[PDB]
Amino acid sequence: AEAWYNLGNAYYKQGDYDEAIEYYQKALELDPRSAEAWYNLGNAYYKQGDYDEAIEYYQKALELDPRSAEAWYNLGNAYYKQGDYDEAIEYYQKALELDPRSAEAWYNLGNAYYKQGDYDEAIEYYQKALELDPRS
Ligand SMILES: [Cl-]
Ligand SMILES: [Cl-]
Ligand SMILES: [Cl-]
Ligand SMILES: [Cl-]
Ligand SMILES: [Cl-]
Ligand SMILES: [Cl-]
Ligand SMILES: [Cl-]
Ligand SMILES: [Cl-]
Ligand SMILES: [Cl-]
Ligand SMILES: [Cl-]
Ligand SMILES: [Cl-]
Ligand SMILES: [Cl-]
Ligand SMILES: [Cl-]
Ligand SMILES: [Pb+2]
Ligand SMILES: [Pb+2]
Ligand SMILES: [Pb+2]
Ligand SMILES: [Pb+2]
Ligand SMILES: [Pb+2]
Ligand SMILES: [Pb+2]
Ligand SMILES: [Pb+2]
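Residues numbered from 1 in each chain as written, not as in the entry; some residues may be left out. Chains lettered and ligands numbered in written order. Heavy atoms only, no water.

- Where the PDB entry is consulted, the chain appears under the name Consensus tetratricopeptide repeat protein, with the organism given as synthetic construct.
- This entry carries the title "Crystal structure of an 8-repeat consensus TPR superhelix with Lead".

1. So, the overall build of the chain
Okay, step 1: Along its length, the chain carries 8 helices and 0 strands.
Okay, step 2: In the chain, the succession of helices and strands from N to C terminus is α-α-α-α-α-α-α-α.
Okay, step 3: The C-alpha atoms of the chain give 16 Å as radius of gyration, which agrees with the globular expectation for 136 residues (14 Å, within 12%).
Okay, step 4: Its C-alpha atoms give the chain principal-axis dimensions of about 50 × 30 × 25 Å.
Okay, step 5: Sorting the 136 residues of the chain into buried and exposed places 45% on the buried side.
Okay, step 6: The contacts in the chain between residues at least 6 apart in sequence include a share of 41% that link residues at least 24 apart.
Okay, step 7: Accessible area for the chain stands at about 7900 Å²; split by element, carbon and sulfur atoms hold 42% of it.
Okay, step 8: A distance of 4 Å separates the average location of the 12 positive side-chain charges in the chain from that of its 28 negative side-chain charges. (Helix = DSSP H or I, 4+ residues; strand = E, 2+ residues; numbered from the N terminus. Rg over C-alpha atoms; globule rule 2.2 N^0.38 Å. Buried < 20%, exposed > 50% of the residue type's maximum accessible area, 1.4 Å probe, protein only. Contact = heavy atoms within 4.5 Å. Areas by Shrake-Rupley, 256 points an atom, 1.4 Å probe, with all protein chains shown as cover. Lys, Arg positive; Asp, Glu negative; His and termini not counted. Charge placed at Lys NZ, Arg CZ, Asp CG, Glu CD.)

2. Digging into the nonpolar core
Okay, step 1: Of all hydrophobic cores here, the largest spans 42 residues; its most connected members are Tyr24, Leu41, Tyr58, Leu75 and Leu109.
Okay, step 2: Of all the secondary-structure elements, those providing two or more residues to this core are α1 (2-13), α2 (17-30), α3 (35-48), α4 (51-64), α5 (69-81), α6 (85-98), α7 (103-115) and α8 (119-132).
Okay, step 3: In terms of domain composition, this core takes at least three residues from each of domain 1 (1-66) and domain 2 (75-136).
Okay, step 4: The contacts of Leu75, once residues within four sequence positions are left out, are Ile55, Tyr58, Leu62 and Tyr91. (Core = buried A, V, L, I, M, F, W, Y, C linked by side-chain atoms within 4.5 Å. Domains from an automatic or database assignment.)

3. Some remarks on the packing of α3 against α4
Okay, step 1: At their nearest, the axes of α3 and α4 sit 8 Å apart, and the two run at 165° to each other. One way to sum up the angle between α3 and α4 is to call them roughly antiparallel. For α3 against α4, the interelement crossing comes out left-handed. Counting all contacts with α3, which are made through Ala35, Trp38, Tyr39, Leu41, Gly42, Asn43, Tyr45 and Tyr46, the residues of α4 involved are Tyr51, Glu53, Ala54, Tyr57, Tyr58, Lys60, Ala61 and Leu64.
Okay, step 2: Within the contact of α3 with α4, the residues separate by chemical class into 12 nonpolar, 2 polar and 2 charged. (Axes fitted to C-alpha atoms, helices over the stretch in contact; angles between N-to-C directions. Parallel < 35°, antiparallel > 145°, perpendicular 65-115°, else oblique. Left-handed = near helix turned anticlockwise from the far one by under 90°. Nonpolar A, V, L, I, M, F, W, Y, C, P; charged D, E, K, R; others polar.)

4. Considering the domain arrangement of the chain
Okay, step 1: Split into domains, the chain comes out as domain 1 (1-66) and domain 2 (75-136).
Okay, step 2: A C-alpha centroid distance of 24 Å is found between domain 1 and domain 2.
Okay, step 3: The interface of domain 1 with domain 2 comprises 8 residues on the first partner and 7 residues on the second.
Okay, step 4: Taken together, both faces of the contact between domain 1 and domain 2 bury some 690 Å²; the carbon and sulfur share is 73%.
Okay, step 5: Taken as a group, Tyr46, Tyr51 and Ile55 account for 66% of the area that domain 1 buries against domain 2, more than any other trio of residues on that side.
Okay, step 6: Linking domain 1 with domain 2 are 0 salt bridges.
Okay, step 7: Scanning the region where domain 1 abuts domain 2 turns up 0 residue pairs in polar contact. (Buried area = accessible area lost by both parts, 1.4 Å probe. Salt bridge = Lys/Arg side-chain N within 4 Å of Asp/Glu carboxyl O. Polar contact = N/O pair within 3.5 Å; in protein donor to acceptor, adjacent residues only side chain to side chain.)

Here is the structure:
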């Protein structure tokens, strides 16, 4: 499974998401245990703009490792891309409980509240983001 997974990773890293999906799926047929495998399969679908597929496999990754701030965050992103800002906020919240150091994660939490027209909540999370990284 690991060699198939590494092939998928190499394709993913050069931006060939169709090939990444093929070889990630092969790795999971042999070893469905890896959270990082389901997570990166989700990432591959996300990068294609196949957000329902991304959501399906992010959930699988989270069921195997619910401590994964990265998986919660990317699940948030998939909903944000669908315009589901309520679900985006819910999953960003869980990501930021597990790792509150990511200026990027606070920023996108702010963006999700901004998109709902909740400007004071946007301000709160933008302020946190800029406290960590004041360059953007
Ligand atoms: Cl391609
Ligand atoms: Cl193709
Ligand atoms: Cl192909
Ligand atoms: Cl083909
Ligand atoms: Cl789709
Ligand atoms: Cl589909
Ligand atoms: Cl399906
Ligand atoms: Cl939607
Ligand atoms: Cl949208
Ligand atoms: Cl929905
Ligand atoms: Cl709200
Ligand atoms: Cl509000
Ligand atoms: Cl409100
Ligand atoms: Pb191709
Ligand atoms: Pb789809
Ligand atoms: Pb599917
Ligand atoms: Pb929806
Ligand atoms: Pb709401
Ligand atoms: Pb408010
Ligand atoms: Pb509101």
